[PDB]
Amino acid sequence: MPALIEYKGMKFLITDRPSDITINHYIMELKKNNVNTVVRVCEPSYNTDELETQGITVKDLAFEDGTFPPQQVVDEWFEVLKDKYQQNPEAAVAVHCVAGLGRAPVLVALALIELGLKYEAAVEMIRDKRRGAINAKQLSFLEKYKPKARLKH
C-alpha cells in the first residue's frame, strides 16, 4: 500500500512492510515511483537480497513502536534524505513501518516540517493520502518538534 508525498521537490513513498509472498509487486511499485532507497523503521521481517538485485537499497532506522524517533534516527533520516536528493532529486525515498501508519509517516512529517510546513499542515497532507496515519502520542511530539531548515539545500 503506497502513498506518494511530495513537497518542494522531495518525494516520499509511505508503504507498508513488504512480505516475501508479494515482494515482486512491491518492487514494481518502487520502480514505478522511481524509488532507489527503502528506509525500514520497523523490525526486519523480509529478505533484503531481492531488493538489492533490483537496485533498491534498504536502510534500517527502526525505533520503538508507537513512539517518537530518537534524535539519532531523526539526524540519520535527514542525512539520508540530503544524500538521495543530491544524488537524484527525481528519485523518491520509500519509508515503511509495519502498516505505513505510524513510525514511517512520522519521519515524513518531520521532513515536511523541516521543509517549511507546520505540523498540522504536514499531518493533514499525509492523512489526505494515508487515512489514520499518526497516533495521538506521535502527534504530541510532532507539535513540539522545532525545525531549523535542516533540509535547506
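Numbering starts at 1 and runs along the sequence shown.
Of the two stretches examined, 28-36 and 81-89, the record assigns the greater average C-alpha temperature factor to 81-89.
Relative to its counterpart among 64-72 and 95-103, 64-72 has the higher mean temperature factor, C-alpha atoms as listed in the PDB entry. Considering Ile126, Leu110, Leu51, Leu117 together, the PDB entry gives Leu51 the largest C-alpha B factor. Remark: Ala122 belongs to the lowest third of its chain, ranked by C-alpha B-factor as recorded.
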